[PDB]
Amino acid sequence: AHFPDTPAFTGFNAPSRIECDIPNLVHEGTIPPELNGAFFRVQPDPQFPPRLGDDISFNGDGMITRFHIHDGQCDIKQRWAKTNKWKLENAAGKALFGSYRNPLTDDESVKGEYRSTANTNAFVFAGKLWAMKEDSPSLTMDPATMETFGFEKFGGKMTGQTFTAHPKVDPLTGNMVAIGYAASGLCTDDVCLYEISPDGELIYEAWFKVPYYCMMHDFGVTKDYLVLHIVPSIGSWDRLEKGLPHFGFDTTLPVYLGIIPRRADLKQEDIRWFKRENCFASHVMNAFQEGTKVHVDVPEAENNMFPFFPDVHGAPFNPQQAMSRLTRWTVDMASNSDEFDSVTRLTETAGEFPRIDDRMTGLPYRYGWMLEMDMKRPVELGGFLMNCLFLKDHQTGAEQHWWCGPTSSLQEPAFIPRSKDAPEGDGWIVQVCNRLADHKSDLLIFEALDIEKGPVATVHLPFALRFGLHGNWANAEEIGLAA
């Protein structure tokens, strides 16, 4: 394959496209013998060169990595998420879909097809592996064989066109809670709220509209509510016609937080929109209720964090204003005005990729993990450099940091509970480490509440993973692997 000689395809961003199997990877330390299950993660990875001769990282085809941990060892199985795009381009031997979220650049032969790369999350629910991309229904796969099933439209009960890559699981019911924005077509202001039973059936689909179309990448869920931030990374057909990236950031638009009842009978009038001054937030650590209030914790930045989705008025990217810090947004459903109740920075540590013990989804909670950017650490070989694992204790305020060293960077952590009813945070953290000087990757295993001593086990891969997005652990009994 002849790939472009541009930053998105060279160095750490070289195409990999490895499908492989390796049991009993070389490792150091002690893999806890309690672990019996697998950690799934996804990397964008282009099957074919881009039609345009350049592209962005978020547009690569989804390649799924599974780390099966059992009997004190770690195995890897890596397979493509065989979206309709993947299958059509594989059959044609060339790229047919074009630029990111831009149907105007597709070959006429794929007009009207789902454009999904399934490249943003690898999630486990209802016995299936979900390979997810927010512009289409989710792909599903067999979590044991990692064969692909197809797109999940819930027996025709789903009429929205899209499905999130950030599903939540409500611990009170076991339901998956999801959204789908641009639900009636590209750049529309319609959004769907979905709840899926543990058995994989769509319980309900509720439609509503938002203040303006924008990237609704993540959200929060509480007992009673969908918690939906409205942040002005905006897109338009006009932008696409002019050849611009789909999204661009508008510093002049307000930010909203919508509180949407989790009810099949939802009506537009039941929603409250709270309003604040312009800022940037993408991911949600967790949300929960307290009396008549709703709290949501997000990494907040002063300005845009996506340099490839540039300032719509032509401003150059500002790296310092892109620094995000975990911040609690509080709104009161009994308040008179549309103002936030409070905005409170929870740490001075800069970070992203926030995670929790997911059994606390929607509940008051004590622990949060993040990828941290410590600009004061040496780097002995641009972009965001995520060089630490970070743990925050909301009860005492204590913070823990682990630095991966001067030639490495880190990918998103994932929490593994010790058992169904273990206390919050009783378990382990796994995460990929980019060993940039060795052009390879490790899987690190930490004791989740004691990270400053470093990982208790380091699993070496004999090749490099690419930049990853989101990933999750599932116990073996949830994914058809051995007891």
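A residue's number is simply how far along the shown sequence it sits, counting from 1.
Where the other entries of this protein model the residues before and after it, residue 382 is dropped from at least a third of them. Where coordinates are absent for parts of the deposited sequence, a chain break appears; between neighbours residue 381 and residue 382 it spans 4 to 9 residues. As the entry records it, the average C-alpha temperature factor is higher for 293-301, out of 293-301 and 131-139. Once the C-alpha B-factors are averaged per stretch, 448-456 and 34-42 rank with 448-456 first. Note on the listed residues 241, 147, 332, 357: the highest Cα temperature factor in the record is that of 241.
Taking the deposited Cα B-factors for 397, 167, 413, 368, the highest one is held by 397.
Annotation for residue 26: C-alpha temperature factor in the middle third relative to the rest of the modelled chain, per the entry. Annotation for residue 318: CA B-factor lies in the highest third of the chain's modelled residues. Residue 421 sits in the highest third of its chain by CA B factor, as recorded in the PDB entry. Residue 409: CA B factor lies in the lowest third for its chain, per the PDB record. Compared with the other modelled residues of the chain, the Cα B-factor recorded for residue 173 ranks in the highest third.
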